[PDB]
Amino acid sequence: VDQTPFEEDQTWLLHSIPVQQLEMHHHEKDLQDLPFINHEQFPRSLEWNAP
Amino acid sequence: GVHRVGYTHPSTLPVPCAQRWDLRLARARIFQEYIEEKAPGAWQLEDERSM
Amino acid sequence: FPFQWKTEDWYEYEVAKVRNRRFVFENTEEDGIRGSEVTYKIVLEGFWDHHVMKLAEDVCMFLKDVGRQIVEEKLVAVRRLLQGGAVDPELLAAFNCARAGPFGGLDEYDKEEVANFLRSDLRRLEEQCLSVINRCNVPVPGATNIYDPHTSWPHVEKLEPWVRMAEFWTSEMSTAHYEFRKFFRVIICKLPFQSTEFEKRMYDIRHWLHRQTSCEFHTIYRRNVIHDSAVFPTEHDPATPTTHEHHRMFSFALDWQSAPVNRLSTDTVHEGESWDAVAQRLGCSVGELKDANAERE
Amino acid sequence: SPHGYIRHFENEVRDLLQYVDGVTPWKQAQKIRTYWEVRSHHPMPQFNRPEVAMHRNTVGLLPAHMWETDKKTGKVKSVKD
Amino acid sequence: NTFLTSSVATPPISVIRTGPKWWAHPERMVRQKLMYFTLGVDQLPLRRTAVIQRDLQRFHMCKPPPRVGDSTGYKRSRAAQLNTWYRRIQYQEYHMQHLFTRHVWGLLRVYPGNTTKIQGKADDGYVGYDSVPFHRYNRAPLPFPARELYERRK
Amino acid sequence: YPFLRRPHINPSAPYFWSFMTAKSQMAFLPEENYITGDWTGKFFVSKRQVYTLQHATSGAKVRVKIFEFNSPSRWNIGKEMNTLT
Amino acid sequence: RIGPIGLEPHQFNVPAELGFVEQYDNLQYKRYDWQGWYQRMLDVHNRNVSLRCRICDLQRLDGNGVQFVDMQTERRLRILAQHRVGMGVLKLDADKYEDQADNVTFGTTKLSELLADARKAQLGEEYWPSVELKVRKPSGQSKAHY
Amino acid sequence: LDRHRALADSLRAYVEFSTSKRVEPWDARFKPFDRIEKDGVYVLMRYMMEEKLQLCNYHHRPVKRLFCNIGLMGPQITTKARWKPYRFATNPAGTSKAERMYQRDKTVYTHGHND
Amino acid sequence: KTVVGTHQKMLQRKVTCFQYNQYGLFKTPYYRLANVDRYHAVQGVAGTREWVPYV
Amino acid sequence: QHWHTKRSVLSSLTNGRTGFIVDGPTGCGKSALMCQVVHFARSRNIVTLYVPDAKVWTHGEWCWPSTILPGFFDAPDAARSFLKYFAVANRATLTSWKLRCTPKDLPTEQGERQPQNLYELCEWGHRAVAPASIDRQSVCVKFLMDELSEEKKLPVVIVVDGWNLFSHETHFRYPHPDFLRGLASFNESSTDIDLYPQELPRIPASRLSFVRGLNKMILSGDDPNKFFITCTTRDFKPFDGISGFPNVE
Amino acid sequence: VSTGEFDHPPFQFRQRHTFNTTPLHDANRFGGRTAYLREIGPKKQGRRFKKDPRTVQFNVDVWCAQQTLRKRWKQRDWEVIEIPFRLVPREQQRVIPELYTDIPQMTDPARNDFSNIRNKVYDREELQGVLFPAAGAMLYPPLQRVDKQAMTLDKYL
Ligand SMILES: Nc1nc2c(ncn2[C@@H]2O[C@H](COP(=O)(O)OP(=O)(O)OP(=O)(O)O)[C@@H](O)[C@H]2O)c(=O)[nH]1
Ligand SMILES: [Mg+2]
């Protein structure tokens, strides 16, 4: 038993959805600590294509 | 709205064909994909800042 | 004209263009500068933009004179192979290997047709070896452009510099904005054959690089892969199919074996079995069973 | 040797879990309790939070046998040991 | 109207000094014409407000020449004469907007913000669901629920 | 300052089990409420050890870094010592 | 072109590309006591090998005379490899093991496992992947009969 | 000794807050709740949703979700109609004054959930 | 599918005391002391302008 | 206006259909043409059913089930305004309209006359006190649509602004079955109607009593008398791939 | 192109209800969704997430993604039914790549039909022989298509 995505705005509003409270986490953007403390191991270019 | 997800076996259809769920199970068999059971069908939110 | 579109086609276009960035087949069986057999990319890295630019003139002139020599000694080998030679019997057995051909049954290729197929591929090899040599004789120092693929071999490709800035206090008084940066030049070497003499020469350019300038090597080569339909067979789906309960968390280690699955190549003959009864039980031909078991009559 | 995510460690997860029950007796692992098993010794562990279903709390969810309240205002006067 | 909070009043010279940002914003000025055009009245102080501010924004990047000196105060007093005339027109349209939108709000049965006077319905400041439980300026306690200014059925 | 990254780390009735406590009740008790190996005895226990029934039943020594709890009761069971002080 | 060659009819030859990065230091980490872990750190970071093969090269005849990949085979292949197929080229990026030699072996068995399940479409129509049609709701003419 | 008493006192006030009846959380000035008691929304509440609102005791979160699932006036029942604020909807039944929200007890720790 | 029910609950309890018996298990997050300077003793805080992440 | 002699002409104009639907982009002359048709027809003293905007019926304030029609619904506030203005518009023709299939035992309070005309029937429906006007319109609209579908002699032009709203689902949804089932308490009833909202299937426009009488005259071929010159509306909100929140001012 | 608000207003001193100035957490902004993160008065873990700029921006990014989802699902007047390859029409007898795999494919350029296959919607009254072969009673009526060559009112006859 599953539910379709809603079509009205008040159903998205009144549904029991919690908001973000603590610091958000990503599965691969956590080795890099923050966007200000973005850690890079090797100084490759950002347009570097892997062969 | 709230419904039950259905499945049709190829032996039931008048023209048999491979369904999309057993192809998903075949894709999950090869690449070892974790299938979350309580993943809600209503919560399909795109990252619209990037996409 | 003018360009007006539906937005969801534009939403599909911009996502498909970035996700298919490195979905490119470099070594294609084709014409000149697009087509090749092996592709070498040497990414040169230095702290100043004129340091990597002057190195890219030093390495390209090195790889031009070396790359002309290795193609020329390959060109003298193709023109001897095109003048005449004897066909390999291992090559002749490779064409007469399939059971059913395109025309039904065994396609018996003779010594003329197999020698015709290598002649059709060596005629392609001459036109690709002459494309490298004629582009290696173009960049005279009077008029040279090593950034264009049609003029010089190899050509130098631009790559944007990695630049990362730092924002720190100069003391809560003021903020300093200094950036680490290093510049890149990529050298694309496309050879229509795999030669280890050029790979040895390409790897040894690290020993005479410029000051505070390093490099890394990219190698895109063609390699034959065998899909064994006996080790990896095409089987019907089982009677009781798998569900989502076999694909839970930590089911990648506890429920599934690694590919491939072991299938027994040994069997024991039962009581009343014959040569046609074991072949019926094994689902094979009786002549196929005797060929693997030629020891026992 | 696998590298990166835990999904690439098939044998090492298998070699750990067999080693986990190999050294551990069940006489030791029975004493570890969860949070709700400890909370059952409270006079009242369970009541609704005001996010979803706070209106379903009834007066029978209160442990009224372990306190004494005043007769005038209705607030709790004392606690029982 | 969904702006029902207590507000802070501003002098009218600080409103007009915004200019093209809020006072003479073109998206705001066009929907003030549609209020007067619906009621069938002339938009005469609104158009002459817009004609002045159309030409005021046209030269607003130009630097004035240095006034080298006059024996009599004639062009200085004349330039201030036209400048005080342009403010009195925009003072009228600032009053013409606040008069008409409160007259429209008395017709459409729409409740205003806190401490806002509508001449037909509530001569005093109508206060509804304030943080302060009493009247801010009349010193009377507010009842629960809010004061009904209109009749019931739509 | 970064958000809630300070190195140096209150009663509420409707948020009693969800303020300064674990997210889930199915999760086990932390490491501070169990004996890891052979010990000679600790001078203090940590403040993130959840008060159980055996804390008020036995009541031998409660040493919180100081705080010595000589008032055993049943209202403390189910939450750690951060909310008890 | 290196690689094994199968002459048996149960072995198909797939001409495929392999792209990899080899990087060696020559400025600071060329030789000292830090060269041991830095060169290993460069090899583990460059553990990726890209196994690329065109679907057009897979549409050849097998040893039994039948085609290796037909239309229904690549229709099953594009669904089993959703984002791994792009612009007619099946690309496999192997990143499981630290050394590139084991990633070529892990990439080869993942290609052969993907090809073997896509080859079920040659068995019958019951393994042909179904077409997903966005069929409309019943129209206003049919809704008038309600 | 008094912290155990104040915890049981705050938990008692939260449960009696959950049991007591509140005032109508909808504001009777705005559309469509402005209409008369014998037409419109109040007809649908009197004959279909009369026991549904009386059992949940007129708290603002259940009665808005009962307006969602009743379907015969949504989805514009919740967004178009202005509701009472959060501190105003927590007032008990028979409030009739603006001083009652500050009249409640400040000693308990119900985090704004006391009558 | 192989391990379900009581075999799952006893394995989770066996892996919990195996987690708790390891004296010295480094469960400290990385950002707690990722601000240590090597040339001087000046202590900064990661996230602000008193620290640079590359050097 | 004289259709019985020009019947083969009118059948060739509509290509045998019952009427015309006018479709185009947003903001063109769709509703501006539809108000001209009632100006053309009511000046030629023809009885006209004019729906000035279909979003009062489908996207209305509140929905109520029909009293005499099982499984059907009503827009009561849209119906009382429809039954009011249609009586005043064609009072010259509806007073001459004799009730053929209409029961004469209608409920009637003291001082009111039983309706003998179709003008008197519509004034019986909308002119009442609340809440007695809610069930009176459901009886009146059903008996109006029954009286119009039997008339084969007088031309009745039916003009609808926004027929595309009558061709798909109204924005109302069906009520949850727990509201009509009855409950003793909320804690033990196996329900979450006060806990989580959910989207029921949407009610189509064919289940409305007003559109039921319209679709009865359209599909049944025994009415070569009603001409449905209608149009559509494109008054929907814009959405071009992404959507934030609309600014209230 | 959409004219709705996407970003959150930044933090400054406490705004008042003035001309061109709304308070920072009001019921008008984002449809009243700022009541979860507002403060009425003019616990440390429950106070600082209301003032963090990255935290309040992420919640509006969720709410705008919810508004993007409900308008994309309200546009759907169709549903996806897995139809086998044999009973499918001629324009679906080709090899269809997945999403974001290839160039956006035209349907059939040979028949001068340049449109995306992924947005193709088929009417249900066309596929009654495929979707319902077991009924045999024609549950849906045939679609009445108007004659384009017939002289009607739009062609001045
Ligand atoms: N007087 C007059 N005005 C017209 C005429 N045609 C268009 N208009 C103007 O065009 C505007 C559009 O009118 P509508 O017919 O309501 O637009 P629409 O096509 O119905 O728009 P939607 O309801 O969103 O589909 C009106 O406001 C009129 O002012 C006309 O023939 N006469
Ligand atoms: Mg219109």
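Method of determination for the deposited model, per the PDB record: cryo-EM, at 3.3 Å resolution.

Listed per partner, the contact involves 13 residues of chain C and twelve residues of chain A. The junction of chain C with chain A conceals about 1,300 Å² of combined surface from both sides, 51% of it contributed by carbon and sulfur atoms. Ranking the residues of chain C by area buried against chain A places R21(C), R22(C) and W162(C) at the top, with a combined share of 38%. Connecting chain C to chain A are two salt bridges. The salt bridge partner of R21(C) is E47(A), with a shortest N-O separation of 3.0 Å. Counting every contact that joins chain C to chain A gives eight residue pairs in polar contact.

Contacts between chain G and chain C engage 58 residues on the former and 47 residues on the latter. Our enumeration of links across chain G and chain C arrives at five salt bridges. Between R22(C) and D93(G) there is a salt bridge, and its shortest N-O distance comes to 2.6 Å. When residues of the side of chain G that touches chain C are assigned to their parent elements, the largest contribution, 13 residues, is made by strand β1 (residues 11-23) of chain G. Tallied by class, residues from the side of chain G that touches chain C come to 27 nonpolar, 18 polar and 13 charged.

On to the packing of helix α1 (residues 11-23) of chain D against helix α1 (residues 6-20) of chain I. Following both chains from N to C, one finds α1(D) and α1(I) inclined at 80°, their axes separated by 9 Å at the closest point. The angle between α1(D) and α1(I) places the two elements in the roughly perpendicular class. In this structure, α1(D) uses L16(D), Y19(D), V20(D), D21(D) and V23(D) to contact α1(I), whose residues at the interface are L11(I), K14(I), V15(I) and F18(I). Each residue belonging to the contact of α1(D) with α1(I) can be placed in one class, and the counts come to seven nonpolar, no polar and two charged.

Our focus in this paragraph is the arrangement of the chains. Taking contact number as the criterion, the leading pair out of 34 pairs of chains in contact is chains C and G. Left apart from each other, chain B and chain E have a closest C-alpha approach of 28 Å. A minimum C-alpha distance of 11 Å separates chain D and chain K, which share no contact.

Another aspect to go through is the site of ligand 1. All names here are of chain J. Around ligand 1, the neighbouring residues are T26, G27, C28, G29, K30, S31, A32, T233, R234 and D235. Contacts to ligand 1 include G27, whose backbone N or O atom sits 3.2 Å from an oxygen atom. For ligand 1, an oxygen atom lies 2.8 Å from a polar atom in the backbone of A32. In isolation ligand 1 has 650 Å² of accessible area, and contact with the protein removes 50% of it.

Glancing now at the sheet that holds strand β2 (residues 155-169) of chain C. Spatially, the eight strands line up as an open sheet ordered β2(C)-β3(C)-β1(C)-β4(C)-β1(G)-β2(G)-β4(G)-β3(G), and their pairing is antiparallel. Looking at which strands have only one partner, the edges of the open sheet turn out to be β2 of chain C together with β3 (85-86) of chain G. Inspection of the sheet shows strand β1 (residues 38-46) of chain C paired to strand β3 (residues 175-191) of chain C by nine bridges, in the antiparallel sense. Following the sheet pairing, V43(C) is matched in β3(C) by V186(C).

Here the focus is the packing of helix α2 (residues 26-38) of chain E against helix α4 (residues 75-105) of chain E. Residue and element names in this part refer to chain E. At their nearest, the axes of α2 and α4 sit 11 Å apart, and the two run at 55° to each other. In this view, α2 runs oblique relative to α4, as classed from their interaxial angle. Crossing hand, α2 versus α4: left-handed. Across from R28, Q32, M35 and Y36 in α2, the residues of α4 making contact are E93, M96, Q97, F100, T101 and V104.

Soluble globular proteins tend to pack their nonpolar side chains together in the buried interior. Core analysis: the biggest nonpolar cluster contains 73 residues, and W26(H), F33(H), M45(H), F67(H), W57(J) and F210(J) have the highest contact counts within it. Those elements that place two or more of their residues in this core are α2 (41-47) and α4 (60-69) of chain H together with β2 (47-51), α3 (76-89), α5 (118-126), α6 (132-150), β5 (156-160) and α8 (209-219) of chain J. If one sorts the elements of this core by residue count, α6(J) sits on top with eight residues. Residues within four places of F33(H) in sequence aside, it is in contact with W26(H), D27(H), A28(H), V41(H), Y42(H), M45(H), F67(H), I77(H), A81(H) and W83(H).

Quick look at unusual backbone geometry now. Here the residue pair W153(C) and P154(C) is connected by a cis peptide bond, since its omega of -5° sits within 30 degrees of zero. You can see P154(C) is positioned in the loop between α4 (111-136) and β2. In the segment running from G74(H) into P75(H), the intervening peptide bond is cis, with an omega of 0°. Within the secondary structure layout, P75(H) lies in the loop between α4 and α5 (86-89). Its identity as a non-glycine residue notwithstanding, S190(J) has a phi of 50°, on the positive side. Looking at the secondary structure, you find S190(J) in the loop between α7 (177-181) and β7 (202-204).

Criteria and thresholds
For every chain, the first residue of the written sequence is numbered 1 and the count continues from 1 onward along that sequence, whatever numbering the entry uses; residues with no coordinates are hidden. Each chain takes a letter, starting from A, and each ligand takes a number, starting from 1, following the order in which they are written. Note that the chains on view sit within a larger assembly, with every value limited to the chains on view. Computation of side-chain values covers all heavy atoms of the structure but excludes hydrogens and water. In what follows, a contact means two residues having at least one pair of non-hydrogen atoms within 4.5 Å. Buried area: the accessible surface (1.4 Å probe) lost by two parts on joining, summed over both. Salt bridge, as used here, is a side-chain nitrogen of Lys or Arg placed within 4 Å of a carboxyl oxygen of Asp or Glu. Counting of polar contacts relies on pairs of N or O atoms within 3.5 Å, with two restrictions inside protein: one atom must be capable of donating a hydrogen and the other of accepting it, and residues adjacent in sequence are counted only when both atoms are side-chain atoms. The secondary structure listing takes helices from DSSP runs of H or I that are at least 4 residues long and strands from runs of E that are at least 2 residues long, numbered from the N terminus. All residues other than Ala, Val, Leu, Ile, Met, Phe, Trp, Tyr, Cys, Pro, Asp, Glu, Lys and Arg, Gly among them, are scored as polar; the first ten of these are nonpolar and the last four charged. The axes are straight lines fitted to the C-alpha atoms, using for helices just the contacting stretch, and the angles between their N-to-C directions are given from 0 to 180°. Working definition: roughly parallel below 35 degrees, roughly antiparallel above 145 degrees, roughly perpendicular at 65 to 115 degrees, and oblique for all remaining angles. We call a residue near a molecule or strand as soon as one heavy atom of that residue lies within 4 Å of the molecule or strand. Here the accessible surface of atoms and residues is derived via Shrake-Rupley with a 1.4 Å probe, and residues count as covered only by protein chains that are part of the display. Only strands that DSSP links by at least two bridges are regarded as paired with each other. A crossing counts as left-handed when the near helix is turned anticlockwise from the far one by less than a right angle, and as right-handed when that turn is clockwise. Among buried residues, those of type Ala, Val, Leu, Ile, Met, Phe, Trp, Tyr and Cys that are joined through side-chain atoms within 4.5 Å constitute a nonpolar core. Throughout this description, buried means an accessible area under 20% of the type-specific maximum (1.4 Å probe, protein chains only), exposed means over 50%, and partly exposed covers the range between.

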